[PDB]
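A.B. asks:
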Amino acid sequence: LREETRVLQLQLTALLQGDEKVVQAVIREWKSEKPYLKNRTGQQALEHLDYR
Amino acid sequence: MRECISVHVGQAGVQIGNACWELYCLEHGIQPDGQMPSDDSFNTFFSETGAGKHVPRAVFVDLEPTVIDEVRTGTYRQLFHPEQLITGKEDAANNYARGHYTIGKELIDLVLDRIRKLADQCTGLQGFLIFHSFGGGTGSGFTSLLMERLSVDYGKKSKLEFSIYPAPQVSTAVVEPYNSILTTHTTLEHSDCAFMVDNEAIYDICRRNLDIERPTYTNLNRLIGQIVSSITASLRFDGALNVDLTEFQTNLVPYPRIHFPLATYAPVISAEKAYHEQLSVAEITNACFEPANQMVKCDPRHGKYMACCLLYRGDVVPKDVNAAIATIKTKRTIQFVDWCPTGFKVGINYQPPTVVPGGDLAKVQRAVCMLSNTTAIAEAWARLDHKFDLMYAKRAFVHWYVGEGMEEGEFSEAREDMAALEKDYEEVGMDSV
Amino acid sequence: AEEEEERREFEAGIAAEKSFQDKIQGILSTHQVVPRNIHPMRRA
Amino acid sequence: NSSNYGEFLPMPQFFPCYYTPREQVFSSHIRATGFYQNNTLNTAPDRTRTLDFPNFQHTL
Amino acid sequence: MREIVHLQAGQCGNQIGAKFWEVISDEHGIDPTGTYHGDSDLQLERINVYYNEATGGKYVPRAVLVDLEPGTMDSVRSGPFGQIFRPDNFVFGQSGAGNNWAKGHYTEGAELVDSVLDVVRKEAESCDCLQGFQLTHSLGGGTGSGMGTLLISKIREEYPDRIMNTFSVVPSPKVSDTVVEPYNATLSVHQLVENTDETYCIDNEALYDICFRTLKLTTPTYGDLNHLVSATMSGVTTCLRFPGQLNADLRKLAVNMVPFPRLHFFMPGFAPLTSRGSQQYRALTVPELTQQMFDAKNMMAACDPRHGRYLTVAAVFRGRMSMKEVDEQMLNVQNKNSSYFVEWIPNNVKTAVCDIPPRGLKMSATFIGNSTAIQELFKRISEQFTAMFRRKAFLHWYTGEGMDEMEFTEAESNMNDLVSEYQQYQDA
Amino acid sequence: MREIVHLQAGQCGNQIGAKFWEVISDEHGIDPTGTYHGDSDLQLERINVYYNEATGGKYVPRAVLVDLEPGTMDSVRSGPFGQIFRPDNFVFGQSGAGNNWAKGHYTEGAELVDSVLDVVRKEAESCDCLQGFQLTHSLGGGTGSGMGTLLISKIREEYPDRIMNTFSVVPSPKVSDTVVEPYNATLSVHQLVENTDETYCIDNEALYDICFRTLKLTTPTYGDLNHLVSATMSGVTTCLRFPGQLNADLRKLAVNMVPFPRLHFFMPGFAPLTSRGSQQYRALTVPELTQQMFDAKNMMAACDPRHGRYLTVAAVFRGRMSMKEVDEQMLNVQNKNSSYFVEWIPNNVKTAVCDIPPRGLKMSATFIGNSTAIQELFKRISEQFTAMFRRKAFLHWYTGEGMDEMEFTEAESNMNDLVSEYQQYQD
Ligand SMILES: Nc1nc2c(ncn2[C@@H]2O[C@H](COP(=O)(O)OP(=O)(O)OP(=O)(O)O)[C@@H](O)[C@H]2O)c(=O)[nH]1
Ligand SMILES: Nc1nc2c(ncn2[C@@H]2O[C@H](COP(=O)(O)OP(=O)(O)O)[C@@H](O)[C@H]2O)c(=O)[nH]1
Ligand SMILES: Nc1nc2c(ncn2[C@@H]2O[C@H](COP(=O)(O)OP(=O)(O)O)[C@@H](O)[C@H]2O)c(=O)[nH]1
Ligand SMILES: [Mg+2]
Ligand SMILES: [Mg+2]
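Taken in order, these protein sequences are the chains called C, H, V, G, R and X.
Quick note, the first sequence lines up with residues 1 to 52 if you use the working numbering.
Quick note, the second sequence lines up with residues 1 to 433 if you use the working numbering.
Quick note, the third sequence lines up with residues 1 to 44 if you use the working numbering.
Quick note, the fourth sequence lines up with residues 1 to 60 if you use the working numbering.
Quick note, the fifth sequence lines up with residues 1 to 428 if you use the working numbering.
Quick note, the sixth sequence lines up with residues 1 to 427 if you use the working numbering.
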């Protein structure tokens, strides 16, 4: 029970930072974007990226 | 529109905050109930409601209902939100395992519930500002869980603690070396900066600098009140050169594990003695590196300074401080480390300090707050590590800690953790050619 | 004409300096302070 | 010994004389509005180098 | 008609910048409301060099102001000037730059790049012609050195042909303010040498030195340390603004000033700064007395000419003078001691003049110097950085902000390249 | 001369319109009572386009105040300037239209429409030659959407050639007031595309978004929402109303605006919406209008054009304009960024310079340009509809008042036709 709790707590942490997860899928692969895209949210992205 | 959240935990922490919060109300002109006697300087430690009521941004938590009651029913009754001013259920009773496992556990959920309800009202938050101890159970074990939960719930917020270290020569608690070793696993990588205020500074500064004999804790806490007001005033009062909180962190701290500075409030002088001399910028800077004025019982001549941060208040001209720094750098006795040739800051605030009624401090044209990072605090643990292993060698006072659920092996894990931290100050004190 | 122009320019700086120093005795004697820079418990 | 904290009410001669506060009334307005963004389109006259508009008269 | 737009980044950049707009508004007859209240028509006929024309009478100065702490923006707006400034032009962040180059150039200052490059763009299409750029900043913190160098890069691709000027406040060991100042400045000037055309270096030590030794005042705070010292040099652009006899604008002065396209670091100076007591003790003409500025008691940088050679010298003059005695003093200052001058450049000095002096002085001069002794100001901060890089003193606040170990080595090597060239043309 | 009758519908249209009849009154110098105290006769020349002429020095608006809810009409009757409005022109029902299109179009809506038709027929018969009608509502609300589309369908049957200028608030994409905004909007879009000849796509989100940063007001209430929509439809009719260098009317705009007669959904915009703490520094001249007109923020449809090519552009300029400087900028905007401009039309920019200055302002215009990006709303409301249609969500209280499943599919299919028509005419 104690072991599956961390499995079912770290599965909640990453899946609740999903807004961050979508943005981090842009800070990888298409790199040289990270300085002016990292500290943002999902709505700041796709609107910042509109500007570019 | 920038603000600093404070949390005060422990009997030591709550009463040094009563001296902190009496000074905050008397700095900004706020009555002991909340309303202004009749700016944006309130919005660092104070939230403005529909009326003139300024609810304080602190949350006071302790497991003893006795010490929380006299501020619940004192002259600051109407100031504090009565659900912010949270009590406990039973005393932690000088036991790390009690404050970490069995009785401090039923208060984490309610404390973190109030930190969330306070941080969302926040809009430009800079970081936390912790207040605890090292001796008792709730000053050491209950704050350990706080650093455990705030590191994962917040993360990138820069937390600062004004710890009160166990004194090397006098002491008030028997098992407080046990409490001051196990807390070090959670003040190393779960604390961004950690100020140490030992009970040997105002032990004798209140005797030699101030002509008053026989000081008590309501005079101990005022000097701890003055320094925190001096640090945050750069966030709070305008200046010729301001030092933000994040400004202050990356500059004073060398290394991720070396964030344990000393402290010094230089113009601590009595009213009947202050008119006997002029208090210049050069004089008050020369009087702050003296080994009889630091906040921790450690001789700075043994160590070498890494980087020093100076915050000046009130009437200070930024040429005399540059003359003061150059004059105090050329003396051989105060020796710095080779890999940091500059090793200095200045910080200017226009507003001079206030003095509380009944205080023994005299108000000044200029006040300097010297915050030094030394490797002379390496031997701050030397008289505590020898204090530790002598008691630990024959399993003295161990049955209570293992009787409350704490494993035996976590004593030696904190033992080797501080031994490695002592090795770091031996590594950085060696010159490289 | 250039001699009198330099003659009139130097005494203009003499006239500027006494007006510069008479401006001193105004702020030095009266010494206004804005209520925004006073403590809330000092105002009455 | 904790009742002495808020015990003595202040004199008019305790607090500092220069209450120089921070006066963020303008930046609070500027943060509320979004900072200027060029989601706008070309409106540029053809800015040229030397000579603005040639007459080319009396010859050519 | 011929426009340059000002750039202001940093607390030091804003304070010097705000004081700069006080001096030119005093000179051009512009009040702290925008309207004209001066005397001569020779003041408004070139209001289109620094100022933009508002609805009626008012002249709004074009100057982007940026910082990460909004307290400095509150100070410039609630200041002895400020209503002339444009609130839409005021742009800032939420949290400070933390005195860290990496956080002020990569992770926190990069969110404002779109907004700060916008207000440059909207102040670039309103120009009949863009003569150049102009920035006031510093090399101490991330607001001025971090975002400032990020402003240097982002403008350079969009306007490559146009020149661009920076007013840098370089660190000094005698006036130490930040322990990270040797990290910040040695990595900033990597981006002040690749994509700039001419830059000026104004350290605080010589600012304190000339304000004590010459001006004869007791407490030099920063306000009066810029009005009669630092903002007077910024009026070198009077050739763009005032009629002169033969004049050198920011393009003309700089093109025959820098010898090689990556060696442009200059020493500023202002000639008449006598005292408030000894002004009626000497003559405001140009003898060998007030024109031989070889003694560095009237110099805005620490390193003196005695330890190097002058590559190229410029001097813009103000007032009703004739251009022989300024020309024969050039004969008299080069031939009296030619051992301190570059041999293969036979004419090392430039003279420009304007007919309208600043008010209060009937004759004024501003001096700019390219010296091979400026490496002494760069070699000293090299050892401030290598000793602090050998033990990695404050490195990990750079490592976690998206920048690796290698950019420190490139910045150290490029300055070590720069100090080697100033040494290579030392004697030749 | 030419005349316009306003057929304000629902909450939304009356709040817009009563404040529109505010602005027109202030534009004509008309007092809250209605007596003409204006100075320039140019106001009095074409005043009968809006102000039908009553007795006692006083004109009454042609506004047929139409609503079903008992108390929307009490607000505009008790409004500050509400005294001008004719009491017969205050027709109201005795039940609320439940924010449902069905009840506002078949049972509770379609009883007042008989009484509504009687008075609008009277007002048009009183005047001489109509340029075209005006109508304002929201597609989200019940009597805005249902009773709104009851008008235009039953208006055109004896006003065919009059241009139907229904200026509706298509429901805001982000800001969702009513839960069942998708149903009410979809049925209305279905009955505006063949029905109306000219419609302006207006979104409360864009109404918010303009007034956050351009007008600087930190609280865009319902008042300044009504400021903005009033200003874009005083502008499209001012050049008829007031003397002009290049005169353009409602017909003259649309014949120069809609290329194929099902593209009536236009995209409004007003240029000089400067911050009221920043109007001091603007140098308010032609190039900064044309820049601000052609700006993604300053348009009351929440969509950004950019993706959508401008099929056609109007600029109904107000004020004293340099005519060269207007003429140059209109090409210079068009030629320099030709990507969002259709290639099968070489020049799609329409200019309508009108002599009189705007109210208080020096000079203005009205961008009502047709982009194919208007489909972005119609795509959003469509998915918003089919999310709720696929389980027949609020359809249960629709069939009782007189719907069927078929009209729900027909409205969704027509709106798929509308987006596909926009995708097909963009090349
Ligand atoms: N600075 C200061 N120290 C105090 C005060 N009251 C007691 N102390 C001493 O400071 C030491 C540390 O205090 P704590 O660790 O917080 O003790 P505690 O929180 O009461 O212990 P528990 O409640 O059982 O967990 C104690 O040994 C006390 O003797 C005070 O008001 N201010
Ligand atoms: N000469 C001059 N120097 C200044 C002034 N203000 C600040 N400075 C110095 O210039 C340095 C620049 O620091 P800065 O980069 O602006 O710090 P930051 O705002 O946190 O980035 C500071 O260390 C100050 O010591 C000024 O007005 N004049
Ligand atoms: N734009 C605008 N909308 C308004 C105003 N007052 C109420 N509303 C709107 O009215 C809509 C609600 O529809 P409503 O007309 O009340 O429903 P109905 O009366 O049954 O047709 C909401 O979307 C609101 O935006 C106003 O002043 N301006
Ligand atoms: Mg206790
Ligand atoms: Mg015509």
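We treat Cβ as the ideally placed atom computed from N, Cα and C, and that holds for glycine.
Output the residue ranges of the beta strand (DSSP E) runs that lie fully inside the region 254-331 of chain X and measure 3 residues or longer, sorted by chain position.
C.D. replies: Qualifying beta strand (DSSP E) stretches, in chain order: 310-315.
A.B. asks: In three-state terms, what does DSSP make of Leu135/R?
C.D. replies: Numbered from 1 along the fifth sequence, position 135 holds the residue referred to as residue 135/R. Strand, per DSSP.
A.B. asks: Measure the CB-CB distance between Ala201/H and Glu161/H and report whether it falls below 8 Å.
C.D. replies: Taking the second sequence and counting its residues from 1, one reaches residue 201/H at position 201. Taking the second sequence and counting its residues from 1, one reaches residue 161/H at position 161. No, they are not a contact pair.
A.B. asks: In whole angstroms, what separates the C-alpha of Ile38/V from that of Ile163/R?
C.D. replies: For the purposes of this step, residue 38/V is identified with residue 38 of the third sequence, where counting begins at 1. For the purposes of this step, residue 163/R is identified with residue 163 of the fifth sequence, where counting begins at 1. Between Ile38/V and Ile163/R, the C-alpha separation is close to 48 Å.
A.B. asks: Run the proximity test for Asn42/G: is its beta-carbon closer than 7 Å to any non-hydrogen atom belonging to ligand 5?
C.D. replies: Indexing the fourth sequence from 1 puts residue 42/G at position 42. No.
A.B. asks: State the DSSP-derived secondary structure class of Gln375/X, mapped to helix, strand or coil.
C.D. replies: Along the sixth sequence, one-based indexing puts residue 375/X at 375. Here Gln375/X sits in helix by DSSP.
A.B. asks: I believe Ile152/X touches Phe266/X by the beta-carbon criterion, under 8 Å. Please report the beta-carbon distance rounded to the nearest angstrom.
C.D. replies: Reading the sixth sequence from its first residue, position 152 is the one you call residue 152/X. Reading the sixth sequence from its first residue, position 266 is the one you call residue 266/X. Cβ-Cβ separation between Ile152/X and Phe266/X: approximately 16 Å, too far for a contact (criterion under 8 Å).
A.B. asks: Measure the beta-carbon distance from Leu68/X to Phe92/X and round it to whole angstroms, keeping in mind my assumption that it falls under 8 Å.
C.D. replies: Here residue 68/X refers to the residue found at position 68 of the sixth sequence. Here residue 92/X refers to the residue found at position 92 of the sixth sequence. Indeed, because the Cβ distance is near 7 Å, the residues count as touching under 8 Å.
A.B. asks: Could you have a look at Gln126/H and say whether DSSP puts it in helix, strand or coil?
C.D. replies: The residue you call residue 126/H lines up with position 126 of the second sequence. DSSP places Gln126/H in strand when its eight states are reduced to three.
A.B. asks: Relative to chain X, which residues along the region 40-72 of chain R have a C-beta separation below 9 Å, given in chain order?
C.D. replies: Those would be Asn52, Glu53, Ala54, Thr55, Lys58 and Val60, in chain order.
A.B. asks: Taking 7 Å as the cut-off, is the C-beta of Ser95/X nearer than that to any heavy atom in ligand 3?
C.D. replies: The count along the sixth sequence starts at 1 and reaches residue 95/X at position 95. It does not: the Cβ of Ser95/X is nowhere closer than 7 Å to a heavy atom of ligand 3.
A.B. asks: Identify the residues that DSSP records as bridge partners of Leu252/H: which are they?
C.D. replies: On the second sequence, position 252 is the one that residue 252/H refers to. In DSSP, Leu252/H forms no bridge with anything.
A.B. asks: Beta-carbon separation of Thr264/H and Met370/H under 8 Å?
C.D. replies: Sequence index remark: in the second sequence, residue 264/H carries index 264 (1-based). Sequence index remark: in the second sequence, residue 370/H carries index 370 (1-based). The answer is yes: Cβ separation under 8 Å.
A.B. asks: Kindly indicate the opening and closing residues of the beta strand (DSSP E) around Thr178/X.
C.D. replies: Reading the sixth sequence from its first residue, position 178 is the one you call residue 178/X. First-last for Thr178/X: undefined, no H or E at that position.
A.B. asks: Among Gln94/X, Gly235/X, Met406/X and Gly148/X, whose alpha-carbon lies nearest the alpha-carbon of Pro357/X?
C.D. replies: To locate residue 357/X, count along the sixth sequence from 1; it is residue 357. Distances from the CA of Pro357/X to each of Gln94/X, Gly235/X, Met406/X and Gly148/X were compared; the closest alpha carbon is that of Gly235/X.
A.B. asks: With DSSP collapsed to three states, give me the class of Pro166/H.
C.D. replies: Position 166 of the second sequence, counted from the start, is the residue given in the question as residue 166/H. The answer is coil: DSSP assigns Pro166/H none of H, G, I, E or B.
A.B. asks: Spell out whether any CB of chain R is found under 8 Å from the CB atom of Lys34/C.
C.D. replies: As a working note, residue 34/C is residue 34 in the first sequence. Yes, contact with chain R.
A.B. asks: Buried or exposed: which applies to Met406/R, given that a residue is buried once 16 or more other Cβ atoms fall within 10 Å of its Cβ?
C.D. replies: Counted from its first residue, the fifth sequence places residue 406/R at position 406. Exposed, since its Cβ has fewer than 16 Cβ neighbours within 10 Å.
A.B. asks: Is any heavy atom in ligand 1 found nearer than 7 Å to the beta carbon of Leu220/H?
C.D. replies: Your numbering for residue 220/H matches position 220 in the second sequence. Result yes, Cβ under 7 Å from ligand 1.
A.B. asks: From the DSSP secondary-structure annotation, give me the bridge partner or partners of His6/X.
C.D. replies: Position 6 of the sixth sequence holds residue 6/X. For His6/X, which the question treats as bridged, DSSP gives the partners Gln134/X.
A.B. asks: Can you list, in chain order, the stretches of the alpha helix (DSSP H) that have 4 or more residues and sit fully within the region 194-246 of chain X?
C.D. replies: 204-213 and 222-241
A.B. asks: Using a C-beta to C-beta distance shorter than 8 Å, which residues of chain R count as neighbours of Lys38/C?
C.D. replies: The sequence position of residue 38/C within the first sequence is 38, counting from 1. Those are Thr107 and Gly402, listed as they occur along chain R.
A.B. asks: Counting Cβ pairs closer than 8 Å, one from the region 108-127 of chain X and one from the region 60-78 of chain X, do we hit at least three?
C.D. replies: These segments touch.
A.B. asks: Closer than 7 Å to a non-hydrogen atom of ligand 2 - does that hold for the CB of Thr178/R?
C.D. replies: Locating residue 178/R in the fifth sequence gives position 178, counting from the first residue. Checking every heavy atom of ligand 2 against the Cβ of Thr178/R, one is found closer than 7 Å.
A.B. asks: Looking at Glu47/C and ligand 1, is the gap between the Cβ and the nearest heavy atom below 7 Å?
C.D. replies: The residue labelled residue 47/C in the question sits at position 47 within the first sequence. Checking the Cβ of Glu47/C against ligand 1 gives no.
A.B. asks: Measure from the alpha carbon of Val55/H to the alpha carbon of each residue in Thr66/H, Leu63/H and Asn43/H, then state which is nearest.
C.D. replies: Along the second sequence, read from residue 1 onward, the residue named residue 55/H stands at position 55. Considering only alpha carbons, the answer is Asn43/H.
A.B. asks: In the DSSP assignment, what residue or residues form a beta bridge with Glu3/H?
C.D. replies: Residue numbering aside, residue 3/H sits at position 3 when the second sequence is read from its first letter. Note: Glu3/H sits in a beta bridge opposite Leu125/H.
A.B. asks: Should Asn247/X be counted as a contact of ligand 5 given a C-beta to heavy atom distance under 7 Å?
C.D. replies: For the purposes of this step, residue 247/X is taken as the residue at position 247 of the sixth sequence. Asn247/X Cβ: within cutoff of ligand 5.
A.B. asks: Tell me, to the nearest whole angstrom, how far the beta carbon of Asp320/H is from that of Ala266/H; I am working on the premise that it is less than 8 Å.
C.D. replies: Taking the second sequence and counting its residues from 1, one reaches residue 320/H at position 320. Taking the second sequence and counting its residues from 1, one reaches residue 266/H at position 266. With 8 Å as the limit, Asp320/H and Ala266/H do not qualify as a contact, their Cβ atoms being about 14 Å apart.
A.B. asks: Taking the continuous alpha helix (DSSP H) assigned at residue 456/R, which residues delimit it?
C.D. replies: The structure shown does not extend to residue 456/R, since chain R is modelled only from 1 to 428, so the question has no answer here.
A.B. asks: How about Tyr217/H: is its Cβ closer than 7 Å to a heavy atom in ligand 1?
C.D. replies: Reading the second sequence from its first residue, position 217 is the one you call residue 217/H. True, at least one ligand heavy atom lies under 7 Å from that Cβ.
A.B. asks: By Cβ distance, which residues of its chain are closer than 8 Å to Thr107/X, with the 5 residues on each side in sequence left out?
C.D. replies: Numbered from its first residue, the sixth sequence carries residue 107/X at position 107. Correct list, in chain order: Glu401 and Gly402.
A.B. asks: For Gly144/R, which of helix, strand or coil comes out of DSSP?
C.D. replies: What you label residue 144/R is simply residue 144 of the fifth sequence in a count that begins at 1. Of the three classes helix, strand and coil, the one that applies to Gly144/R here is helix, per DSSP.
A.B. asks: Comparing alpha-carbon positions, which option in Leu253/X, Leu228/X and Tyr422/X lies nearest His307/X?
C.D. replies: For the purposes of this step, residue 307/X is identified with residue 307 of the sixth sequence, where counting begins at 1. Taking only the C-alpha atoms, the option nearest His307/X is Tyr422/X.
A.B. asks: Could you compute how far the alpha carbon of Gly269/X sits from the alpha carbon of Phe26/G?
C.D. replies: For the purposes of this step, residue 269/X is identified with residue 269 of the sixth sequence, where counting begins at 1. For the purposes of this step, residue 26/G is identified with residue 26 of the fourth sequence, where counting begins at 1. Each residue's Cα considered, the two are about 29 Å apart.
A.B. asks: Output needed for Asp315/H: all residues of its chain with C-beta closer than 6 Å, excluding positions within five of it in sequence on either side, in chain order.
C.D. replies: As a working note, residue 315/H is residue 315 in the second sequence. Here the set comprises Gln365 and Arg366.
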